[PDB]
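A.B. asks: one piece of my complex first, more on the way:
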Amino acid sequence: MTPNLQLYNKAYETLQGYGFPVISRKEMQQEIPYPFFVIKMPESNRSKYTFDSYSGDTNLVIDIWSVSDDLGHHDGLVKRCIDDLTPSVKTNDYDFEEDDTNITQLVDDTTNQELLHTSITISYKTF
Amino acid sequence: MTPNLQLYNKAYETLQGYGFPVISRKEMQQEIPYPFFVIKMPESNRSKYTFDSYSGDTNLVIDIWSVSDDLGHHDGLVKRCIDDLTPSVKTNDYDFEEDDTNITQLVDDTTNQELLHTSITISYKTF
Amino acid sequence: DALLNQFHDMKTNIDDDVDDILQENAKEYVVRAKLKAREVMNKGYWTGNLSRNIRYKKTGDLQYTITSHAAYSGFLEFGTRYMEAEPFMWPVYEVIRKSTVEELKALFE
Amino acid sequence: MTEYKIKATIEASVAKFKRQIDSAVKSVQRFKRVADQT
Amino acid sequence: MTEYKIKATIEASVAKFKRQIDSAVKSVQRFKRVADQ
Amino acid sequence: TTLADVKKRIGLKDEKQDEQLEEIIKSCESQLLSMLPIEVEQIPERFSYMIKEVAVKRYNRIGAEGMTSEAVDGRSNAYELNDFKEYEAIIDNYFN
Amino acid sequence: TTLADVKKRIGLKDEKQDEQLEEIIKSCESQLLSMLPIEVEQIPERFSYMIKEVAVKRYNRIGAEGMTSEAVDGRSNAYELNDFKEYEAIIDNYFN
Amino acid sequence: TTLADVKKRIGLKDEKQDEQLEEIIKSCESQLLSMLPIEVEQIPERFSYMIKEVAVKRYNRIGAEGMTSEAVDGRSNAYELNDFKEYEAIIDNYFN
Amino acid sequence: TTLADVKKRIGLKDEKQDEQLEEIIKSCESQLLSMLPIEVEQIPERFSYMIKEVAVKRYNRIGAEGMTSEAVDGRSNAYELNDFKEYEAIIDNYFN
Amino acid sequence: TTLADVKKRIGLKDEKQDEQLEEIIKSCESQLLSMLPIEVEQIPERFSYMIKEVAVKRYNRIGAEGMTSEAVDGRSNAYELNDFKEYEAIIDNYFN
Amino acid sequence: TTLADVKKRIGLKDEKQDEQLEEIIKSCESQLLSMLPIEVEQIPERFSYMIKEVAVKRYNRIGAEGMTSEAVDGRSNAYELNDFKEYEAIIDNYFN
Amino acid sequence: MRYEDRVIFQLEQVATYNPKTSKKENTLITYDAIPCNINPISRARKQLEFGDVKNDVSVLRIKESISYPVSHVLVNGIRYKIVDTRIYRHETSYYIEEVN
């Protein structure tokens, strides 16, 4: 596997454990209760790093949707994810070390309802 | 809680004290007199800072809407917000220190009325 | 680093991108109206001279005007003192509005 | 008879976007000129 | 002559982008000072 | 008729328009009583419903009394030639 | 007729329109009994279905009692010129 | 007729509308029995199909009883003036 | 007729509409046998094709039995005023 | 006629529709033989072309038997009222 | 006529439509020979041009033999009500 | 108009955000059902940032008018936000869009 798929799977193994639905993209016949997690496949740069290994930058985005009725709970999900996926993730072939996390929240009215949309981006150095 | 929500709550607990209405977004059935505050959830960068802590950049935006009939009062609200939220904000888990504040104003005619729209950005280094 | 080229190209070309989408939606408006006319004007006197006379023109820059040139066509769109209405351009307004807006969005999304 | 024709019109405005783009362009040219001394 | 109309007016919120690039400019200039002074 | 039965048919439960409906009913009664034979001093109870029916017609026609059609921005009405036309025949046939 | 028999055909299953339907049915009965010869005291059961059918026609027409056409935000109706027109040929043919 | 044969023709295999169809059929039977000569106490079996045919017409017309035409946002019906018009001639010709 | 002979013309090759076509054909036979003189007990084979042709007309009209026009999402139909109209000139001319 | 001559005129070189055309031709032959004088057991060869002409008309009308018009996205047709109308006059004039 | 004389007028210069034009011409000859009096065995050469003209009319109409009008992707045709109409006034006037 | 269908009006009453508990719990007022007339149900594909949903844009009609404030309707078991309301002399017409 690429590091992309290794990390993406490790992220599902985490988030899918919370008991909220986790999806890559909602299909039309599929009913999703709020709150729910979107997760998007990592980008990955690679370059030579030592005479014996590559290293690179892998960027993971998970994306949390909830109704705005209770913000403390939504922020509880955001904190619970960041606490589960940092500072480092180990998998079979790759080690991931957090370099940055960026949290951005929007209030979204696209759907005739006031939803909270939090994007969590995490930049991992990888080796 | 994240620093985002900790700051956002401290911002409400300040601005909501002036008696003018404070909102994150206006809903259609909700009547808001002028002047009023829109307040928008902070962004946060987080990264390793010492062997013992993270640190990061938390970006607050508050957004003051008034009719243009009296500019001195509108500016008085601007200055009152800045003087309350700077130089430092302390809360339970986090400290915030003003890195910079940027004030920008527009004359807004979108609503068939000449409004003043002031945007106040404050960039807090956070520890 | 060369980003100025991208902004320069946007400044230079998007005029024609908007003009093309307007022209395409104007043509589609006429085609759909020519069909919709026979779709409802079927009380049985049809020569189709109305449908021979739905046209459009580029009446201004980034402005296309569709026009039903047949003289009685208003009496058909709106009805009369003696006839029920059989509206034929209004149902196309409801279509081409959506296509135009979503295609202009897709030019910038 | 009377010439009871019907019109429908589709039209667009770009001139505001044009000026917003000019504003962004000259801001990036400001960056260009300071990077040249750096 | 009844006229139906569709108008499209095109926008870009460049006031954020300007502030970003200006912040970058002002940040770079600190380096130039640190080098020369 | 009563007002209350026209009121019930048109489903109008408030009182905001009783001033208009009382004039409409007074008008319909006067017209029907004009259509009877000259001797007949009272509207036969056999016909008492016509007053109600035409009153509802007139209630709907408020703001379009002189007009064969009314339109604005996709609200459109077209009105029949004569409120009593259906009943001119019945009144005739009853007296002849 | 009963109200329930009209209620069944128009598919209603609640009470929220009874006060209108009652007055509509009462009007249809009065009208039909106006069309019969003067000596007739009651609508004969042979014709009872007419009271139902017109009661449905009028139920649809509600809010349009005088109007030949009605457009409301893309919903367009056009109405038959006379509710009892079909039945005049039966009533007259029956008594004469 | 049975209900089941109208049901079969209109291809309606569930039971969600039997309450309406039974009223429609009861209405069509009553009307046809009104069109016969006054002496005739029973619908001739030669005509038993008309009840079914008109019932299907009426099933289609549900929600448009009094309306000559009906349209909304891509769906339009226009209706013929009289359900029994084709059969008035046949019933006449059979009794004359 | 057989069902199969109608089935062949409309190009059907499966069983999924037999219960409708059966009732359509049975209705057409009843109607045509209503149009012949009273002494006629059976449609003469000379006319058997009529039952087929009208059975096809009605198959097209299915879901529009009362409607002069039918528009559904950019499909639209307009229907002939009377299915047997052509054949009245043959039937009458044959018996008289 | 043969099938092959209708086939040749309509330019249809494959065999995918012979099942329909054979029924159409059988129908046209039966109808023409119905329009002749009652005594006439055989279609005169002078008229043998009518079967072909009407069969082509009907070939075109496949899917529009009862419909005076059909419209669909990009395509629409309008049909003449009676396939044999042109020939009713010739058949008449020949026998009278 | 010859085929070549029709072929020349419609501007054809190849063989790819001969089997249609042959049947069209053969049908036109049969029809015209149906319109003449019973004693006439052949179309007199005085009328031979009619067979050509109608053969061209039908060539245009190919694929629309029953249709008042035909619209196909912005191409719209409407057809004369009767191909021989002009010539009936000549044929009848000549024999009578 | 045939006014066959029954609509339940609602007002979702917007609460003030409480920073001590991180909640802004709204409350729904809900009214008795009214006879109305409504367009046939659509179930269009609408294409949001997270994916497809079955949207429904529609118009609903009632005779005369209602005394009381409203914001949403529930009808046919679908809940809609009112996005326009158009006030004729004897009739009211509401443009409504499904939420979600």
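C.D. replies: Arrived safely, thanks for sending. Numbers count the residues shown, from 1 in each chain, chains lettered A, B, ... in the order given.
A.B. asks: residue at max distance from the center of chain L?
C.D. replies: Distance to the chain centre peaks in chain L at residue L:20, reaching 31.8 Å (criterion: Cα atoms, centre = their mean).
A.B. asks: ok, that one - contacts?
C.D. replies: B:9, B:13 (Cβ atoms under 8 Å, 6 or more residues apart in numbering or on different chains). C-beta here means a position set from N, CA and C on the backbone, and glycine is covered the same way.
A.B. asks: which parts of chain L sit against chain G?
C.D. replies: L:1-4, L:6, L:33-35, L:37, L:39, L:59, L:61, L:63, L:86, L:88, L:90-91, L:93, L:95 (Cβ under 8 Å from any Cβ of the partner chain).
A.B. asks: restrict those residues to the buried ones and give me that as a ChimeraX selection.
C.D. replies: Written as a ChimeraX command, the selection of buried residues from the residues of chain L next to chain G, which uses 16 or more other Cβ atoms under 10 Å in any protein chain shown, is:
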select /L:1,2,3,4,6,34,35,37,39,59,61,63,86,91,93,95
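A.B. asks: restrict the residues of chain L next to chain G to those near chain B?
C.D. replies: Taking Cβ under 8 Å from any Cβ as the test, chain B is in contact with none of the residues of chain L next to chain G.
A.B. asks: tell me the SS of the residue farthest from the centre of chain L?
C.D. replies: coil (DSSP: H, G, I helix; E, B strand; the rest coil).
A.B. asks: now it: how far from chain H?
C.D. replies: For residue L:20, the distance to chain H equals 49 Å [Cβ to the nearest Cβ, to the nearest Å].
A.B. asks: distance of that residue from residue A:72?
C.D. replies: Plainly put, residue L:20 is 10 Å away from residue A:72 if you go by Cβ to Cβ, to the nearest Å.
A.B. asks: not counting its own residues, what contacts stretch F:67-74?
C.D. replies: Outside stretch F:67-74, the residues touching it (Cβ under 8 Å, 6+ apart) are C:78-79, C:81, C:90, F:63-64, F:76-79, G:71-74.
A.B. asks: what does chain A put close to chain B?
C.D. replies: Contact residues (Cβ under 8 Å from any Cβ) of chain A with chain B: A:68, A:71-72, A:75-76, A:78-79, A:82, A:87, A:98-107, A:109, A:114.
A.B. asks: okay, now chain M:
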Amino acid sequence: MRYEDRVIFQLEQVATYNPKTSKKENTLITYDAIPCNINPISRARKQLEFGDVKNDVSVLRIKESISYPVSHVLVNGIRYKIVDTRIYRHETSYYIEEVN
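C.D. replies: Chain M goes in next, on the same frame as the chains above:
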């Protein structure tokens, strides 16, 4: 035209900004009510930067014309800005938009 409704015209007279007190307080001239004809009220969703508002875009009609300058109208208890005025021979027609 049925001229049933009563409109109050207004002129909002723009004052010069006073830099010593930071005020530019306008003043409203307001006129006697005139008989007019107006479209049925809409209350469309309009979607501003700060959120939704109930807008109303409309046309109002008066017989002949008025001698005096105007800028806003108040009618049905809604205040509108005039955004076009069309001057026919015997009739004047004003396009108006609600403020807010």
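A.B. asks: can you check the contacts of stretch F:67-74 again with chain M included?
C.D. replies: With contacts defined as Cβ under 8 Å, 6+ apart, stretch F:67-74 is touched by C:78-79, C:81, C:90, F:63-64, F:76-79, G:71-74, M:39-40.
A.B. asks: can you check stretch A:11-26 too?
C.D. replies: By Cβ under 8 Å, 6+ apart, the list of residues contacting stretch A:11-26 from outside reads A:30, A:32-33, A:35-41, A:60, A:62, A:77, A:80-81, A:84-85, L:48, L:50-53.
A.B. asks: residue L:76 contacts residue L:5, correct?
C.D. replies: Yes: the pair residue L:76 / residue L:5 is scored as a contact, 7.3 Å apart, by Cβ atoms under 8 Å.
A.B. asks: got any residues that touch both of those two?
C.D. replies: residue L:38.
A.B. asks: excluding covalently adjacent residues, which one is nearest to the most centrally placed residue in chain D?
C.D. replies: Compute the mean C-alpha point of chain D, and by Cα atoms, centre = their mean the closest residue is residue D:18, 2.0 Å away. Of all residues not flanking residue D:18 in the chain, residue C:11 sits nearest, at 6.7 Å (Cβ to Cβ, 6 or more residues apart in numbering or on different chains).
A.B. asks: next: residue L:69.
C.D. replies: residue L:11 is the one closest to residue L:69 (Cβ to Cβ, 6+ apart), at 5.2 Å.
A.B. asks: pretty sure that neighbour sits in a helix.
C.D. replies: No: with three-state DSSP as the criterion, residue L:11 is assigned strand and is not in a helix.
A.B. asks: which outside residues touch the helix ranked longest in chain F?
C.D. replies: As assigned by DSSP state H, the longest helix anywhere in chain F is helix F:18-35. With contact meaning Cβ under 8 Å, 6+ apart, helix F:18-35 is reached by F:1, F:3, F:6-7, F:12, F:43, F:47, F:50-51, F:54-55, F:58-59, F:62, F:84, F:87-88, F:91.
A.B. asks: how about a cut-off of 10 Å?
C.D. replies: If you take Cβ atoms under 10 Å, 6 or more residues apart in numbering or on different chains as the criterion, helix F:18-35 is touched by F:1-3, F:5-7, F:10, F:12, F:15, F:17, F:40-44, F:47-48, F:50-59, F:61-62, F:83-84, F:87-88, F:91-92, F:95.
A.B. asks: kindly incorporate the sequence below as chain N:
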Amino acid sequence: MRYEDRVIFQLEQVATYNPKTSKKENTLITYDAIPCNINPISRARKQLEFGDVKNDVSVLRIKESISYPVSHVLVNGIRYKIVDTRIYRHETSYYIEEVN
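C.D. replies: Putting chain N together with the chains above:
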């Protein structure tokens, strides 16, 4: 309507992604064929990022309605996704687009 053509409805039932095996294998439920009416086949050029494809955007009509959930149709040997379904009183109309 002539309901000549036969349509097969399908529901493609979306499975939960399995991170132990990197699979999210859906499953198709498929129903008995129904008589339908459908527009003539188009085969338009559609121009995707990887190139041209023969698309078909179409409408399909059925008498009354179906009890069961659906998502795709197979008809004329082409498989379509349902993108709108419009529900009239006695008739159901599906807007469908070919997949690929």
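A.B. asks: can you check the contacts of helix F:18-35 again with chain N included?
C.D. replies: Contact with helix F:18-35 is made by F:1-3, F:5-7, F:10, F:12, F:15, F:17, F:40-44, F:47-48, F:50-59, F:61-62, F:83-84, F:87-88, F:91-92, F:95, as judged by Cβ under 10 Å, 6+ apart.
A.B. asks: the residue nearest to the centre of chain D and chain J, how far apart?
C.D. replies: 39 Å.
A.B. asks: please apply the same query to residue A:18.
C.D. replies: Distance of residue A:18 to chain J, computed by Cβ to the nearest Cβ: 49 Å.
A.B. asks: name the element that residue belongs to?
C.D. replies: Per DSSP states H and E: residue A:18 is located in neither a helix nor a strand.
A.B. asks: surely residue A:8 is within a helix?
C.D. replies: Yes: assigned with three-state DSSP, residue A:8 falls within a helix.
A.B. asks: quickly find the element holding the closest residue to it other than its chain neighbours.
C.D. replies: In space, residue A:8 comes closest to residue A:41 once its chain neighbours are excluded; the distance is 5.6 Å by Cβ to Cβ, 6+ apart. Per DSSP H and E: residue A:41 is located in strand A:36-44.
A.B. asks: show residues contacting the next helix or strand after that strand.
C.D. replies: Next helix or strand after strand A:36-44 toward the C-terminus (DSSP H and E): strand A:47-48. The contact list for strand A:47-48, computed with Cβ under 10 Å, 6+ apart, reads A:54-57.
A.B. asks: which one of those is nearest chain B?
C.D. replies: Using Cβ to the nearest Cβ, residue A:57 comes nearest to chain B of these, at 13.6 Å.
A.B. asks: who's in contact with the residue nearest to residue A:8?
C.D. replies: Residue A:41 makes contacts with A:2, A:4-5, A:7-8, A:11, A:24, A:60-61, as judged by Cβ under 10 Å, 6+ apart.
A.B. asks: what's the separation between it and residue A:12?
C.D. replies: 11 Å.
A.B. asks: try residue L:69
C.D. replies: Distance from residue L:69 to residue A:12, by Cβ to Cβ: 45 Å.
A.B. asks: the two: which is more packed in?
C.D. replies: residue A:12 (20 against 11; other Cβ atoms under 10 Å in any protein chain shown).
A.B. asks: give me phi/psi at residue A:98?
C.D. replies: Backbone torsions of residue A:98, given as degrees, to the nearest 10, read phi -60, psi 130.
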